[PDB]
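For reference, the chains in residue letters:
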Amino acid sequence: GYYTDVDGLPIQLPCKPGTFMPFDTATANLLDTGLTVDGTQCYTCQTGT
Amino acid sequence: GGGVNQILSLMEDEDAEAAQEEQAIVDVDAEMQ
């Protein structure tokens, strides 16, 4: 659910409304096949959500 | 998903926020003394 942008971060920050961070890259539902979720950046929800 | 191919209740709240940060700053500067 959460993410961490900068290096130093006391607590993991939650993904803001209109975004979704999947668990792993392969275990996802709706991700365009030109990207990979490395955690640090939260991908925006796809049309119809 | 693909991406590209290439007032009345806002300022009164922002002033309250810039006063509640001021209060916190004042409470913090007085504690290191």
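In the PDB header, cryo-EM is given as the technique by which the entry was determined, and 3.9 Å as its resolution.

Chain A is annotated in the PDB entry as Mastigoneme-like protein from Chlamydomonas reinhardtii.

A.B. asks: I'm lost on the overall build of chain A in this one. Help?
C.D. replies: In terms of helices and strands, chain A carries zero helices and two strands. For chain A, the C-alpha atoms occupy an extent of roughly 35 × 20 × 15 Å along the three principal directions. Out of the 49 residues in chain A, the part that is buried amounts to 14%. Intrachain contacts of chain A at a sequence separation of at least 6 include 27% that bridge at least 24 residues.

A.B. asks: Just to check I follow, could you spell out the nonpolar core for this structure?
C.D. replies: Generally speaking, a soluble globular protein has its nonpolar side chains buried in company with each other. If you look at the biggest cluster of nonpolar residues, it comprises five residues: A:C15, A:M21, A:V37, A:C42 and A:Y43. Those residues within four positions of A:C15 in sequence are excluded, and the remaining contacts are A:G1, A:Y2, A:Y3, A:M21 and A:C42.

A.B. asks: Just to check I follow, could you spell out a nonpolar patch on the surface for this structure?
C.D. replies: Taken together, the side chains of A:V6, A:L9, A:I11 and A:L13 present a nonpolar region at the surface, about 330 Å² in accessible area. Among the secondary structure elements, A:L9 is positioned in the loop between β1 (2-3) and β2 (13-14).

A.B. asks: It is not clear to me how the state of the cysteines should be interpreted in this structure. Could you clarify?
C.D. replies: Any covalent bond linking the sulfur atoms of two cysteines counts as a disulfide. Residues and elements named next belong to chain A. One pass over the structure, following the stated rule, counts one disulfide over all chains. Here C15 pairs with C42 through a disulfide, and the sulfurs are 2.0 Å apart. Here the S-S torsion is close to 130°, and the disulfide linking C15 with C42 is therefore right-handed. Residue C15 is located in the segment after β2, and its partner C42 is located in the segment after β2; the two are separated by 27 residues in the primary sequence. Of the two residues, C15 and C42, both sit in the buried class. Free of any disulfide, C45 has its nearest neighbouring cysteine sulfur in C42, separated by 7.8 Å. We classify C45 as partly exposed; its relative accessible area is 33%.

A.B. asks: What should I look at first to understand the side chain of A:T19 in this one?
C.D. replies: Residues and elements named next belong to chain A. Relative to the helices and strands, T19 is located in the segment after β2. Only 2.3 Å separates the side chain of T19 from the backbone oxygen of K16, close enough to count as a polar contact. For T19, the contacting residues outside a window of four places in its chain are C42, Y43, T44 and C45.

What counts and how
- Residues numbered from 1 in each chain as written, not as in the entry; some residues may be left out.
- Chains lettered and ligands numbered in written order.
- Part of a larger assembly, values for the part shown.
- Heavy atoms only, no water.
- Residues with missing side-chain atoms left out of burial classes, pairs and counts.
- Helix = DSSP H or I, 4+ residues; strand = E, 2+ residues; numbered from the N terminus.
- Buried < 20%, exposed > 50% of the residue type's maximum accessible area, 1.4 Å probe, protein only.
- Contact = heavy atoms within 4.5 Å.
- Core = buried A, V, L, I, M, F, W, Y, C linked by side-chain atoms within 4.5 Å.
- Patch = residues over 30% accessible without salt bridge, like charges linked within 9 Å, V, L, I, M, F, W, Y side chains within 5 Å.
- Areas by Shrake-Rupley, 256 points an atom, 1.4 Å probe, with all protein chains shown as cover.
- Salt bridge = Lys/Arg side-chain N within 4 Å of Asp/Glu carboxyl O.
- Disulfide = S-S within 2.5 Å.
- Polar contact = N/O pair within 3.5 Å; in protein donor to acceptor, adjacent residues only side chain to side chain.

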